[PDB]
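J.:
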Amino acid sequence: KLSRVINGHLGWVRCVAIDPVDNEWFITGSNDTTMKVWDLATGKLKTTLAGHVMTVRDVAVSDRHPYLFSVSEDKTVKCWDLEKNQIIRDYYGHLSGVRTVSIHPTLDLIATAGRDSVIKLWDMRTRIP
Amino acid sequence: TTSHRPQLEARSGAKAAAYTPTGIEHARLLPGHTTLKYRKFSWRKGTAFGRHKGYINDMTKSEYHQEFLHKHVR
Amino acid sequence: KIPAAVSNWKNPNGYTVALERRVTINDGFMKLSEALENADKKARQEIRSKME
Amino acid sequence: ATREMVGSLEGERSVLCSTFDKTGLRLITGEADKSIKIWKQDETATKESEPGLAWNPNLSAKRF
Amino acid sequence: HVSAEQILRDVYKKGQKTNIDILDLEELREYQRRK
Amino acid sequence: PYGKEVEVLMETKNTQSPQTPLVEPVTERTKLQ
Amino acid sequence: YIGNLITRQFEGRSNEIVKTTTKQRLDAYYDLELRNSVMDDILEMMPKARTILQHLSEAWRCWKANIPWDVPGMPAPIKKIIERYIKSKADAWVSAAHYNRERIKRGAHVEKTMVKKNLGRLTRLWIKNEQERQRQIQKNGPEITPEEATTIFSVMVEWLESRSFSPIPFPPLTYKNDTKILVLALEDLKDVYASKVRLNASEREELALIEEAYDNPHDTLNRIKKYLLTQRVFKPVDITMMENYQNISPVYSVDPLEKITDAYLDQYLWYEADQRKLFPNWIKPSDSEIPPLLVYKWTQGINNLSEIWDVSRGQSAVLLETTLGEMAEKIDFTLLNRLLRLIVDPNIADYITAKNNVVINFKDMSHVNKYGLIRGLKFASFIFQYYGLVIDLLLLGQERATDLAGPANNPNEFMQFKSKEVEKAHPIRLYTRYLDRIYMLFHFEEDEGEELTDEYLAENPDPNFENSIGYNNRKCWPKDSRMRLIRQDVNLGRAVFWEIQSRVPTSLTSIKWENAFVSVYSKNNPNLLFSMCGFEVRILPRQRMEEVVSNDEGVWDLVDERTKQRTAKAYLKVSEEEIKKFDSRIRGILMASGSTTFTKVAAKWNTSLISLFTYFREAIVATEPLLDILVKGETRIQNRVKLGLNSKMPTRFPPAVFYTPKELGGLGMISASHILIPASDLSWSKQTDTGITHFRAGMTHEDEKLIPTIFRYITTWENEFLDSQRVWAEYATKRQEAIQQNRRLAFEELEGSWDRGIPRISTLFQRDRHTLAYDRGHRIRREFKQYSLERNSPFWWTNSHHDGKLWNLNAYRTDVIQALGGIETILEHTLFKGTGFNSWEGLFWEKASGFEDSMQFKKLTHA
Amino acid sequence: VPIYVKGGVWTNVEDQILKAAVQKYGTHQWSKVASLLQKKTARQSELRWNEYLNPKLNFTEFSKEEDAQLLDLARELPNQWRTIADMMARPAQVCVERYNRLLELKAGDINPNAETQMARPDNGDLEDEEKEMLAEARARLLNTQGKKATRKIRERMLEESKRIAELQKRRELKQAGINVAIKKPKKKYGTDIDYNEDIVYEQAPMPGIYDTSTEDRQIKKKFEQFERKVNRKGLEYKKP
RNA sequence: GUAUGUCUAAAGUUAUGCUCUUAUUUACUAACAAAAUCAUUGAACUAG
RNA sequence: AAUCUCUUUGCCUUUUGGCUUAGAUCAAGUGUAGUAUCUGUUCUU
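Residue numbers (UniProt numbering), protein chains in the order written: chain Z, 130 to 258; chain D, 2 to 42, 126 to 137, 155 to 175; chain F, 164 to 186, 196 to 224; chain X, 388 to 451; chain G, 12 to 28, 33 to 50; chain R, 69 to 101; chain E, 725 to 771, 778 to 1593; chain L, 4 to 107, 123 to 253, 291 to 295.
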C-alpha cells in the first residue's frame, strides 16, 4: 500500500538507489539533470547534487567505497566522493547517452552501457575503460 | 533537401573496437585522485464600496509561473 | 493504424494536399448586461424626476 | 494502480524506476509525474485475511 | 474559369517530363564497377 | 488526493548544508595537533 | 603539447573522437535522446517509425503555437505517449526560460543569441498565459458582479451630473477644428518616420497612406467619420516584445488605415475632453507640467498644507503610494461601453469598444482579445484615464472628490482648495494619480488615527506585534532616514492601507500590500517619504532637524507660501528601478552595436547619458550606485571601440580619442564618470548619513588632465523652477503694461528671458502656435507611445513644441577642447601634420558623403 | 513601377492561386503565399483565408435558433462582434451583416471589408498581368528540390555524357586495332576501394550439413560461359 | 568578392489547330557600368 | 479437374527521414547584356 508521496524534482524521476550500508538515505536522478538525496525515514530532502547537463539516467552507490556513480544522456559517467559531495572522477568514452551503471561487487570496477550498444568496464582508479 | 536527417540508429562502439588507436595524451586523463577510498568494516462612510457596506504538476499554470510572467512582462 | 502525418508548418517534399489536410457561454455576461441596462434606465428616468 | 499528482496528464501515470530498501519492507518508486512514492506492506494482513489474487494458471497462454 | 484544381493539374503536366549497350568485357567491368 | 493515510510532502529546500558529508569519514585515531 | 603534435605527424589523427555535450550541442543531443525514447515507447506499445515521429514534431510546434494538437483516428495510447513526452520537453523549455531570464536580469553571463531566444520564449509563454486568462473569463463569466457594476455606473452618473458634464458629440461633418486635429494626428503618426532612411514594405505603405492624407484632407476626414460611424469589425493587431533586460514589454502594431482614424479620434477626444473639463486636476500626466515639475509641485504642495508638520497634539500624516495592479487588463467591454456612453456619443463608444475586440497575432499564435484594454491603441490613454477616474471616484467618494476638484463653475487648480476649512474638513488632504500609481496624503488627529487603528486591529489582531515584518520601507535611505517601524505608526500605516483597499472592488484592480509604500510622519517619525516619476524623495521639516545645515544640489528647499520662508528640505535620489533602467539601456546599446561604427556607438552613449542627466539632474548628486553604474557604462562604451581595434592598451587611447568633438575627428563622447565618487564606511552609511569623508577614483587616465562632467552644464530643476517663477511673473507684468499702453510686446522686449522659464518664454512665439493651441493630451500620448512603437525617444517626458529647449550643452564641447589642451595638443595626437593640410580651420570633414553612403541603397547581401 | 499600398478587390484568379498556395505552404507562411499574388499583402492573404476562403467556415443561411442567439449575443456582448462570431462559429462580418438585416462605398473609396466580399469573376479575357501572375505561380508551385539536389541532377547527366564520350573514343580506337583500357576513377583517399578488384567484405555462406560441390561446379561453369559470351557477342443508412 | 569544387585531353607504347519570320511584354541573372542641376570633393573602397 | 478477364476483400508495394529565436530577415532600381517567355502576322500542317 502507498505510504508517502514526495515532490521536489522538476522533471520525471528516472533512477533511484538506496544507501546499501546504513539504509538511511536514497538518491534519485531526474530529467531536471539533478540528483537529490532524501532521508528514508522522513522523506525530507537532504541535498541536491548538480553535475550533469542532461537527464540523469542511472545512479549506483558503492557498498565498499564512499562513492556515488551517475550516468547521463550527456554521455558522461561521474564518480562523486560522498565525503565531500563533489565529483572526483569522470569516465570518458561512450559515443552517446549512457543508460545504466553497475558497480562490481568485489572489484574496483564499474560497468556502464547505453545507446552505443557496448558495455564498458572501467577501472575505478585510473578511469581507463 | 535530404541532408537534414533524423537518426535511424546510433553509431555503435563495435566499429571503434576494431580500429587501431593512436597515442595522444589527453589533459583530463592525466594522473589525479590516484588512491581509492574504502569504507570501514464620516470620512469612512462616503465611498460606494467599503467594509461599512497549492502545488499542481503543470508549470505553465502554477502560481509561480504566473507571478513570474507578471513580474517580467509589463 | 497511425494516420500519415501532414504538417501545417513543414512540407519537405513540396507536396500539395487537400485544404482539409493542411488546415464559452456563461449567464454572468447576460446578468451583467441587463443589470447595466436597468441602471441606465434608472438614471435616465431619475434625472427627469429630479429636474421637473 | 498508482495515482498521478494533481494536474498530470494520463500519460504521466507511469512508473519509471524502483528499488527496495535494504530491509525489503519499503519500495521506492520514481514516476513520470515527478514524484517519489514509498510503498509498504500491510502489517494487519494474514494469509487468510488478504489472500491476494488466486493461483489459477491460465492454460490458454502457452508459457508453461 | 481558373480554379486551384486546374492550376495544379497544369503544374503536374509541366513537371512530368539514352539506352547504352555493353559490347565487351571491358565495358561490362566498367558498368559493374560503377554500379 | 491520495487519502488521509498517505503523507504528501513538497520538498524545495535542502535540509542540510552542501558541505555536510553523506558518508562520514572514519577517524580511528584521535589527534590533538 | 609537442608530443601530441608529433604523434599526429607520425601516427595520424584518431578516428574515434567522441564529441562532448557542450552548450552548442545541447539542443541537438536533447532532441536525439527524446526521439529515441518516444520511438522506443511507441514501438513497444504497437503489436516506419521515422514517419510516426513526425506527429511528435507537429505536437511540439502545436504546443509552441498554443494550437490544440489532435489527430483524428490517432490511437489513444500513442496520443498519450506523445502528449507526456511533449509535456516533458515543455517543462524543460520553460525551466530554461526561467533560468535564462533570471541570469539576464542579474547581469550574469548570457550569450546574445540566448538573450534573443529567451525573449522569444517569454513572448510565447506570455501569450499562452494571456490566452488561458481569456478562455477562463469566457468559461467563468465576468469577474465584476452585476451589483458592483451597477454601483460603479451610479457613481459615474452621480459625478457627471454633479459636474453638469456635456457629453462629447460625434465629430460634426463641418467641425470647426477638423483641419487642425487632422494635422496634429498626422504629425504624431509621421513622427516615427522623421529620420529612418531605411524602410521596409510595411513602413512604406504607412508613410504613403499618411502622405495621401496630407494631400487629400477632406476625403480623409470623410473616411474617418464614416469608419467611426459604421466600422465595427477590425483587422488583427500584431504583438511583439521589447527587450528591457529587467523585463520585456508589449508593442502593438495596428493597421495603418485604422491607425489614422484612431489618431484623429484620440486628438479629438483629448481636445473636447479638455474643453469640457472631463478630467479633474488630480489626474496625471498633465499637459501643464513635465514629471520633474510634477514631483516638485507635489512636494511644495505637501509642505504648504496647514499645520501639516505640527505634532504637538500627537497628530500624524500618512503618505500612501500604491499601484492599481492589472487595471487595464481587467477592463470589461460591456461596462466600458456603458461608461463611455456617459461621456461620449454612442457611435464613438461603440467604435472604441469594437476596436478593443480584435485578433492578436504573434508568429503562428493567434487569439481574440475579449477582455482588457489594448494599450497600443492611439486612444487607449483616454480610456485608461477615464477608467482611472472611475477608480479615483471610488477611492475618494463624491464629497471629497468634489472638495478636491472644486465646483464645476470654478475648479480648483491642482492641490488647492477654496478654503482652509474645506482642506481640513476631511482626512484626505491631497490626492494624485500618475496613470496606475495613486498617491494619497492623509492627516489624522490623535483620536482619528487611534479610532481607525483600533478598528483595524480589532479585525486583524497582532498579539505578538509582528506587524513590522514585511512593512515596505525605502531601502535607499539610511536606517535613521527611512521610516521608523514604531508599533503605533506601523499599525496606523496598515490601518490606512486596509481602509483604502476596501474601497475598490478586486474585480476592477488588484491593490496589493506588497505593491504599496505607506510612510508615516509623526512625533516618532520626522521624515515623510515617497517615490514619484522615478524620483526618491524624503521630506524633513526644519522644525524636526537637529541642526539646519547648508546642502548641495539635490536637496530642495520647500517654501511656506504664507511666510515666504523655507520650512522643510526635500532630499532627492534616483530610484533603484530607474538606475536599473539606465544600466539596461547601456546593455541594449552594447548588445545591438556588434557591427556599429565607433561614432554611432559614441552617439548612442551620448543620447542615453543626456536622457539620464537632463531628466534626473540634481537627484543624481547623492545616488552613489548610479555613479558606479555610470563609471562602468562609460568604460564599457569605450571598451567597445577599443575591442573593435583589438586592443585595450591604455596608452593607445588617451582621452583625446574619445572626448575630442566630432568636428576634430574624435568620437565626441560626453563624460560623466571622470568625477570622484563619494566613499565612506559602508557600515555607518547604512545606518546614518556619514557625509563625504573620502573619495574613490572614477574613470582615470595617465594624462594629467581633468575632463569636464556633463552635470556642470545642466541647470538643476530647482533653479529652473525658481527662475521660471521669476521670468514668468515679469512677463505677466510686462503683458499687462503692454496692453495698458495698447502696444504689442516686441520679440526683443523679452530678450534675456527667451531661453528661461518652464515652458520656455520662446514657446510664446512658436511658429505653429496657431495649431498647437489645439494639441491636448500630448504628454500622455507621448508616454503611451511605448505601447505602439518599437523605437521610442528617450525624451518621452518633454515635447519641444510645448516646453521648448530645456537644455543647452554647447558649452561642454568648448570646455572639453580646453581640458584636452586646446586644438594644438589635440592635433598632435592625430595624423594632421602628415596631411600637409594648410590650417586646422579648413578641417571640414565631409560628414555627408562617402563610398558607404553610395552603397547602402544597392542590392547587397547581409555580409 | 512601385506599389506602396496593396489591396483592392479579390479577383477569382487570386483566390485560386491563394488556395493552391495554401495547399502547398500551409497556413503559417502567408508571406510566401502573398508572394504569388501581385496586388495583395501577407496579412490580406491571411485575412482572405481566415474570413472567406477557409473551407471550414460556415456561410449557410441562419436558422431561427441562430437568429435568436444572434440578437441575444448582440445584447449581452454589445459591439463585441469577434467574440460573438467566435460563439456563433461564424465569420464576424457575416454576423454583423445578418444583425443589420435582422434589425430592419463609392467609386474611389477604400473598401475596408474587401477580404470578406465575393470574388470578382474572371471575365473570359485574362489581362496580361494576371496571365503572367498565373505563369509565375505555376512555376513556383512546381519546384520541390533545393540547390544541391538540382545540381546533382545536372551533374549525373553530365557524368553520363562524359561516360558515352569515353566509350565512343575507346570504340574508335578498338576498331582501329588499338586496344585501350577505360579510365578508372581517381582515388579520393588512401583506402578508397575499387569494388571490382575483390569481393569487398565477402561473407561466405555458413557451411551446412548438405554437400554443395556438384552445384558449385555447375554455377562456376555457367559463370564462365556467360562471361565468355559477353566477351564474344556483348549484351443510404446515414441519419442524424 | 569569397569559401569551395571540377578540368587539364600522347607515349614514360607490357608480347595475343502546330510551327516560323520578327517587333514587343514579363521574370530571373550579371564585382559589367565614374550616368549633366538640386576653380571642379562617393571614388578603388563592401562578403557568409 | 486446368486457362483468361472482371469485382470486392487483403497487401500500399517509388506511398512527406531531425533540431532553434514560426531559425532570421527581405521582396522600391537605371542602362546594356544573357536566358526563358507573351501577343500578332505570314508560313508550316
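Yeah, the Cβ is synthetic: ideal placement off N, Cα and C, and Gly gets one too.
For the alpha helix (DSSP H) that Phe1265(E) lies in, which residues bound it at each end?
T.: Looking at the DSSP string, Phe1265(E) is not in any alpha helix (DSSP H); the run it does join, the beta strand (DSSP E), is 1265-1271.
J.: So, helix, strand or coil for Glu73(R), using DSSP?
T.: coil
J.: Please name the residue in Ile25(D), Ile157(D), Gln8(D), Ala18(D) whose C-alpha comes closest to that of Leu729(E).
T.: Nearest in C-alpha terms to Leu729(E), of all of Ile25(D), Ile157(D), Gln8(D), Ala18(D), is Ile25(D).
J.: Go ahead and label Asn171(F) buried or exposed: buried means 16 or more other beta carbons lie within 10 angstroms of its beta carbon, across all protein chains shown.
T.: buried
J.: Please state whether DSSP places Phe1172(E) in a helix, a strand or coil.
T.: Here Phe1172(E) sits in strand by DSSP.
J.: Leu182(F) CB to nearest chain E CB: under 8 Å?
T.: no
J.: State the CB to CB distance for the pair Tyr982(E) and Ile969(E), rounded to an integer number of angstroms; the pair is presumed to be in contact (CB under 8 Å).
T.: 6 Å
J.: Using only alpha-carbon positions, find the residue among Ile726(E), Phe1144(E), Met770(E), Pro798(E) that is nearest to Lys1014(E).
T.: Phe1144(E)
J.: In chain order, which continuous runs of the alpha helix (DSSP H) of length 4 or greater are located wholly inside the stretch 35-79 of chain L?
T.: For the stretch 35-79 of chain L, whole alpha helix (DSSP H) runs of length 4 or above, ordered along the chain, are 45-51, 67-79.
J.: Helix, strand or coil, according to DSSP, for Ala1332(E) in the structure here?
T.: helix
J.: Using a Cβ cut-off of 8 Å (strictly closer), state whether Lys249(Z) contacts chain E.
T.: no
J.: Going by DSSP, which residues form a beta bridge with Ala1047(E)?
T.: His1173(E), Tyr1251(E)
J.: Could you give the DSSP three-state label for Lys175(Z): helix, strand or coil?
T.: Residue state, collapsed to three classes: strand.
J.: What does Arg218(Z) touch in chain R if you count any residue whose Cβ is under 7 Å from its own?
T.: Under the 7 Å cutoff, chain R gives no residues; its nearest Cβ is about 16 Å from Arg218(Z).
J.: In the UniProt repeat "WD 2" (180-210) of chain Z, which residues sit with their C-beta less than 8 Å from some C-beta in chain E, listed in chain order?
T.: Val182, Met183, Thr184, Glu202, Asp203, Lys204, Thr205
J.: Name, going along the chain, the residues of the UniProt repeat "WD 1" (137-168) of chain Z whose beta-carbon falls closer than 8 Å to a beta-carbon of chain E.
T.: Hits within the stretch, in order: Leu139, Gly140, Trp141, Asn160, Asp161.
J.: Would you identify the three-state DSSP class for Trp1575(E), choosing helix, strand or coil?
T.: coil
J.: Interface residues of chain E around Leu224(Z) at Cβ under 7 Å?
T.: Correct list: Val742.
J.: What residue range is occupied by the uninterrupted alpha helix (DSSP H) comprising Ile1082(E)?
T.: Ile1082(E) -> alpha helix (DSSP H) spans 1076-1086.
J.: By alpha-carbon positions, which one of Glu841(E), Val1152(E), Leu914(E), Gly1106(E) ends up nearest to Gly1136(E)?
T.: Among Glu841(E), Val1152(E), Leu914(E), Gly1106(E), the Cα nearest to that of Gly1136(E) belongs to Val1152(E).
J.: Using the three-state DSSP reduction, which class does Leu197(Z) fall into: helix, strand or coil?
T.: DSSP places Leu197(Z) in strand when its eight states are reduced to three.
J.: Could you name the residues of the same chain whose beta carbon sits closer than 7 Å to that of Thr904(E), not counting the 5 residues immediately before and after it, in chain order?
T.: none
J.: Are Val1088(E) and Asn1099(E) closer than 8 Å when you measure CB to CB?
T.: yes
J.: May I ask you to list, following chain order, the residues of the stretch 1227-1242 of chain E that have a beta carbon less than 8 Å from some beta carbon of chain X?
T.: none
J.: State the Cα-Cα distance for the pair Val1048(E) and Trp127(D), rounded to the nearest angstrom.
T.: 15 Å
J.: Fully enclosed by the stretch 1389-1446 of chain E, which beta strand (DSSP E) runs are 3 residues long or longer?
T.: 1407-1409, 1424-1426
J.: Less than 8 Å between CB atoms is the rule here; does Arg244(Z) satisfy it with respect to chain E?
T.: At a cut-off of 8 Å between C-beta atoms, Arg244(Z) counts as an interface residue with respect to chain E.
J.: Alpha carbons only, please: which of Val1278(E), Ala1593(E), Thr950(E) is nearest the one belonging to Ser1325(E)?
T.: Closest by alpha carbon: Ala1593(E).
J.: Taking CB distances under 8 Å as the criterion, tell me whether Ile811(E) reaches chain X.
T.: Chain X contact via Cβ: present.
J.: Measure the C-alpha to C-alpha separation of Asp1290(E) and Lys1027(E) and round it to an integer number of angstroms.
T.: 13 Å
J.: If we require 3 or more residues per run, which beta strand (DSSP E) segments fall completely within the stretch 1083-1164 of chain E?
T.: 1089-1092, 1095-1098, 1158-1164
J.: Could you name the residues of the stretch 66-92 of chain L whose beta carbon sits closer than 8 Å to any beta carbon of chain F, in the order they occur along the chain?
T.: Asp75, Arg78, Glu79, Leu80, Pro81, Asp89, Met90
J.: Report yes or no: is there a C-beta of chain E within less than 8 Å of the C-beta of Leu396(X)?
T.: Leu396(X) counts as touching chain E.
J.: Verify the CB distance criterion: does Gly200(F) have a CB-CB separation below 8 Å to chain E?
T.: Interface criterion met: the Cβ of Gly200(F) is under 8 Å from a Cβ in chain E.
J.: Just the Cα atoms here: how many angstroms apart are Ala931(E) and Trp1527(E)?
T.: 31 Å
J.: I want to see whether chain L comes within less than 8 Å of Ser13(D), judged by CB atoms only; does it?
T.: Interface annotation, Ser13(D): not in contact with chain L, CB-CB separation never under 8 Å.
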